[PDB]
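The form deposited in one PDB entry is given below as one chain in structure tokens.
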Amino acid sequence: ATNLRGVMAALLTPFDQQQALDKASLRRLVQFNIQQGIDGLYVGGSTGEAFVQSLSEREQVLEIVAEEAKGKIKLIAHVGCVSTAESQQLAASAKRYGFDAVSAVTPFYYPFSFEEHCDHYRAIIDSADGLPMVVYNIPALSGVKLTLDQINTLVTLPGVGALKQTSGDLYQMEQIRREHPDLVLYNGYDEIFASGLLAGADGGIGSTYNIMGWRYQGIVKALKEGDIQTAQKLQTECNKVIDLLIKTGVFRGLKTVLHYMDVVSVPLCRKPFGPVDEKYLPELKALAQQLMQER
């Protein structure tokens, strides 16, 4: 799955004032990401507010993104739901729309065993019908640090093409790379991107790529050139942003920056997310202006 290697934005879902999909802003956001030189888009993930959308709504996003982006950048459909059948429906739809890959978060909420996770992934792969699968290692959600044997099991499942390493454990990052030298291994926490690459990730998937994807592409290139100072500098700038976004609320802060970038019409998330606290708007607008100047 070498063709899945790279820096992929986890696409946000713009909503209108009534919390319905803002189709026009979705299309603007897809093109905005393409123009940033991003390798691909990760669509319908946690970042896309998948877990406050219906299946129909998730499919509509997939279809529109494919319309805008197919044959220009890589497209990975996050089809994960708690339910295997629901996840399967989305995988089949991803295949129809011509996505390059599917992905599923570890089924959550209820206590599922590792065996049940594996069967879940097998069924989704079947429904994906030739599309490779990106599986997760996400301890914050699962409540489990899986062993290296379990990871081997996961990443050697027939059809699995990559691992989204959504963990800040860079010893485990290095251990996974050592065990699987050819594995596509996405760094999941944007705020350790540079260090995650050094530890052995060969790319990433992240929410903040939407507004500053060129910075992350800059880190990749700097590290390839042995330019440690440039890499560090860029990560420091990314982290200044992540500091602010955690204060504001990450998705809504991102949408607001995009609103000031003239991409997103209405920067709301779906309830129960509240609006951005108005005291942060000047910082978010200033950030949008700073980012716009970096282009």
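We call the rigid core whatever largest set of C-alpha positions still superposes within 1.5 Å between the two forms. For every residue, the number given is its place in the sequence shown, counted from 1.
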Going by the average Cα B-factor in the PDB entry, point out whether 63-71 or 41-49 comes out higher. 63-71
So 108-116 or 212-220, which one's hotter by mean CA B-factor in the entry? 108-116
Sort 169, 202, 190, 129 by C-alpha B-factor from the entry and give me just the highest. 129
Can you tell me which of 235, 229, 248, 256 has the maximum CA B-factor listed in the PDB entry? 229
Determine, from the deposited record, the chain-internal third of the Cα B-factor for residue 182: lowest, middle or highest. highest
How does the C-alpha B factor of residue 78 compare with the rest of the chain: lowest, middle or highest third? lowest
What third of the chain does residue 25 rank in for C-alpha temperature factor, lowest, middle or highest? middle
Place residue 125 in the lowest, middle or highest third of its chain's C-alpha B-factors, as listed in the PDB entry. middle
Sorting the chain's modelled residues by C-alpha B-factor, tell me whether residue 239 ends up in the lowest, middle or highest third. lowest
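This next part talks about the form deposited in another entry, which is not shown.
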Which one of 221, 122, 96, 145 is the only residue whose C-alpha moves by 2 Å or more between the shown form and the other one, after superposing on the core? 145
